[PDB]
>>> print(open('query_26.pdb').read())   # PDB, C-alpha atoms
MODEL        1
ATOM      1  CA  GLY O   1     129.490 163.633  63.654  1.00  0.00           C
ATOM      2  CA  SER O   2     131.631 164.648  60.692  1.00  0.00           C
ATOM      3  CA  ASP O   3     129.277 167.369  59.488  1.00  0.00           C
ATOM      4  CA  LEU O   4     127.247 168.042  62.612  1.00  0.00           C
ATOM      5  CA  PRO O   5     127.390 167.296  66.359  1.00  0.00           C
ATOM      6  CA  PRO O   6     124.666 164.874  67.510  1.00  0.00           C
ATOM      7  CA  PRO O   7     121.150 166.284  68.053  1.00  0.00           C
ATOM      8  CA  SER O   8     118.456 165.603  70.588  1.00  0.00           C
ATOM      9  CA  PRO O   9     115.407 164.403  68.612  1.00  0.00           C
ATOM     10  CA  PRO O  10     112.761 166.739  67.139  1.00  0.00           C
ATOM     11  CA  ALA O  11     109.142 165.780  66.460  1.00  0.00           C
ATOM     12  CA  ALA O  12     109.717 167.154  62.955  1.00  0.00           C
ATOM     13  CA  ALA O  13     112.502 164.604  62.427  1.00  0.00           C
ATOM     14  CA  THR O  14     110.208 162.026  60.834  1.00  0.00           C
ATOM     15  CA  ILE O  15     109.149 164.288  57.917  1.00  0.00           C
ATOM     16  CA  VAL O  16     111.924 163.537  55.374  1.00  0.00           C
ATOM     17  CA  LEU O  17     115.269 161.809  55.565  1.00  0.00           C
ATOM     18  CA  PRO O  18     118.138 162.599  53.158  1.00  0.00           C
ATOM     19  CA  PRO O  19     120.930 160.255  51.900  1.00  0.00           C
ATOM     20  CA  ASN O  20     123.205 163.005  53.187  1.00  0.00           C
ATOM     21  CA  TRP O  21     122.455 161.769  56.683  1.00  0.00           C
ATOM     22  CA  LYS O  22     125.001 160.290  59.006  1.00  0.00           C
ATOM     23  CA  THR O  23     124.941 157.760  61.793  1.00  0.00           C
ATOM     24  CA  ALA O  24     126.329 157.461  65.284  1.00  0.00           C
ATOM     25  CA  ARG O  25     126.053 155.137  68.235  1.00  0.00           C
ATOM     26  CA  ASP O  26     126.279 155.626  71.983  1.00  0.00           C
ATOM     27  CA  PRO O  27     128.743 153.936  74.302  1.00  0.00           C
ATOM     28  CA  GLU O  28     125.693 152.090  75.603  1.00  0.00           C
ATOM     29  CA  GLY O  29     125.088 150.106  72.431  1.00  0.00           C
ATOM     30  CA  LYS O  30     122.399 152.359  70.946  1.00  0.00           C
ATOM     31  CA  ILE O  31     122.687 153.234  67.259  1.00  0.00           C
ATOM     32  CA  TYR O  32     120.949 156.224  65.679  1.00  0.00           C
ATOM     33  CA  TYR O  33     120.833 158.552  62.688  1.00  0.00           C
ATOM     34  CA  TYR O  34     121.036 162.325  62.260  1.00  0.00           C
ATOM     35  CA  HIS O  35     120.000 164.559  59.391  1.00  0.00           C
ATOM     36  CA  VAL O  36     122.632 167.063  58.375  1.00  0.00           C
ATOM     37  CA  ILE O  37     120.314 169.212  56.219  1.00  0.00           C
ATOM     38  CA  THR O  38     117.468 169.554  58.666  1.00  0.00           C
ATOM     39  CA  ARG O  39     119.392 169.035  61.941  1.00  0.00           C
ATOM     40  CA  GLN O  40     117.164 166.129  62.986  1.00  0.00           C
ATOM     41  CA  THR O  41     117.792 162.725  64.567  1.00  0.00           C
ATOM     42  CA  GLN O  42     116.065 159.378  65.120  1.00  0.00           C
ATOM     43  CA  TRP O  43     117.355 156.446  67.176  1.00  0.00           C
ATOM     44  CA  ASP O  44     114.357 154.150  67.032  1.00  0.00           C
ATOM     45  CA  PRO O  45     112.456 155.155  63.798  1.00  0.00           C
ATOM     46  CA  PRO O  46     113.746 153.306  60.690  1.00  0.00           C
ATOM     47  CA  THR O  47     115.589 154.967  57.831  1.00  0.00           C
ATOM     48  CA  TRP O  48     114.143 156.689  54.803  1.00  0.00           C
ATOM     49  CA  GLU O  49     114.235 153.317  53.167  1.00  0.00           C
ATOM     50  CA  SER O  50     112.431 150.475  54.827  1.00  0.00           C
ATOM     51  CA  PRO O  51     110.607 147.312  53.611  1.00  0.00           C
ATOM     52  CA  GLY O  52     107.109 147.315  52.176  1.00  0.00           C
ATOM     53  CA  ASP O  53     105.411 146.405  55.455  1.00  0.00           C
ATOM     54  CA  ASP O  54     106.978 149.431  57.141  1.00  0.00           C
ATOM     55  CA  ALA O  55     105.817 151.644  54.256  1.00  0.00           C
ATOM     56  CA  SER O  56     108.247 154.557  54.381  1.00  0.00           C
TER      57      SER O  56
ENDMDL
END
>>> encode(input="query_26.pdb", output="structure tokens")
Amino acid sequence: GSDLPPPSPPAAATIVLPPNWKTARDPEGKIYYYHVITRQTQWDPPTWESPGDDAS
């Protein structure tokens, strides 16, 4: 990443997600996000902003 090297995911990661966050994808077609403030990452859990049904 530009700000931070990619993390392995924390359980805490879900708490809050900042617009500051960056994204990266693996060679094996997986795309994920990482939080520069908190040092967190999520590959599967949706962004801070999601539809109404997801209720983020």
>>> residues_around(input="query_26.pdb", residues="range 6-15 of chain O", least_positions_apart="2", cutoff="10 Å", atoms="only C-alpha atoms", output="PyMOL selection string")
chain O and resi 1-4+17+22-25+32-36+38-43+45-48
>>> closest_residue(input="query_26.pdb", among="O:55, O:44, O:31, O:49", to="residue 19 in chain O", atoms="only C-alpha atoms")
O:49
>>> axis_aligned_box(input="query_26.pdb", around="range 30-45 of chain O", padding_each_side="4 Å", output="lines of an AutoDock Vina configuration file")
center_x = 117.6
center_y = 161.0
center_z = 63.6
size_x = 18.2
size_y = 25.2
size_z = 22.7
>>> build_atoms(input="query_26.pdb", residues="range 18-33 of chain O", atoms="N, CA, C and O atoms", output="compact mmCIF listing (two decimals), in the coordinates of the input")
# COMPACT_ATOMS: atom_id res chain seq x y z
N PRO O 18 117.25 162.49 54.31
CA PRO O 18 118.14 162.60 53.16
C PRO O 18 119.31 161.62 53.21
O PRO O 18 119.83 161.31 54.29
N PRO O 19 119.75 161.13 52.04
CA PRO O 19 120.93 160.26 51.90
C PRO O 19 122.20 160.90 52.44
O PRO O 19 123.20 160.23 52.69
N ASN O 20 122.14 162.21 52.58
CA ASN O 20 123.20 163.00 53.19
C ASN O 20 123.42 162.66 54.66
O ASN O 20 124.42 163.06 55.25
N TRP O 21 122.49 161.91 55.25
CA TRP O 21 122.46 161.77 56.68
C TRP O 21 123.57 160.85 57.16
O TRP O 21 124.09 160.03 56.41
N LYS O 22 123.93 161.05 58.40
CA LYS O 22 125.00 160.29 59.01
C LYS O 22 124.48 159.50 60.19
O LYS O 22 123.35 159.71 60.64
N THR O 23 125.31 158.63 60.70
CA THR O 23 124.94 157.76 61.79
C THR O 23 125.95 157.83 62.92
O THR O 23 127.12 158.15 62.71
N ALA O 24 125.47 157.57 64.12
CA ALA O 24 126.33 157.46 65.28
C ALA O 24 125.69 156.56 66.32
O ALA O 24 124.48 156.34 66.31
N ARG O 25 126.51 156.04 67.20
CA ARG O 25 126.05 155.14 68.24
C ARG O 25 126.62 155.56 69.58
O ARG O 25 127.72 156.11 69.66
N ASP O 26 125.87 155.29 70.63
CA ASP O 26 126.28 155.63 71.98
C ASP O 26 127.18 154.56 72.53
O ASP O 26 127.19 153.43 72.04
N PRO O 27 127.94 154.90 73.57
CA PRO O 27 128.74 153.94 74.30
C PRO O 27 127.90 152.79 74.85
O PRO O 27 128.38 151.68 75.07
N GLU O 28 126.61 153.07 75.05
CA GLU O 28 125.69 152.09 75.60
C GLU O 28 124.89 151.40 74.50
O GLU O 28 123.68 151.24 74.59
N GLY O 29 125.61 151.00 73.46
CA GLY O 29 125.09 150.11 72.43
C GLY O 29 123.86 150.59 71.67
O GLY O 29 123.21 149.78 71.00
N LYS O 30 123.51 151.86 71.75
CA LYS O 30 122.40 152.36 70.95
C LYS O 30 122.92 153.01 69.68
O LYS O 30 123.84 153.82 69.72
N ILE O 31 122.30 152.69 68.55
CA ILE O 31 122.69 153.23 67.26
C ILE O 31 121.58 154.15 66.75
O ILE O 31 120.39 153.85 66.91
N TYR O 32 121.95 155.28 66.16
CA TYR O 32 120.95 156.22 65.68
C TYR O 32 121.43 156.97 64.44
O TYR O 32 122.56 156.79 63.99
N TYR O 33 120.56 157.82 63.91
CA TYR O 33 120.83 158.55 62.69
C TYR O 33 120.56 160.03 62.90
O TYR O 33 119.70 160.40 63.70
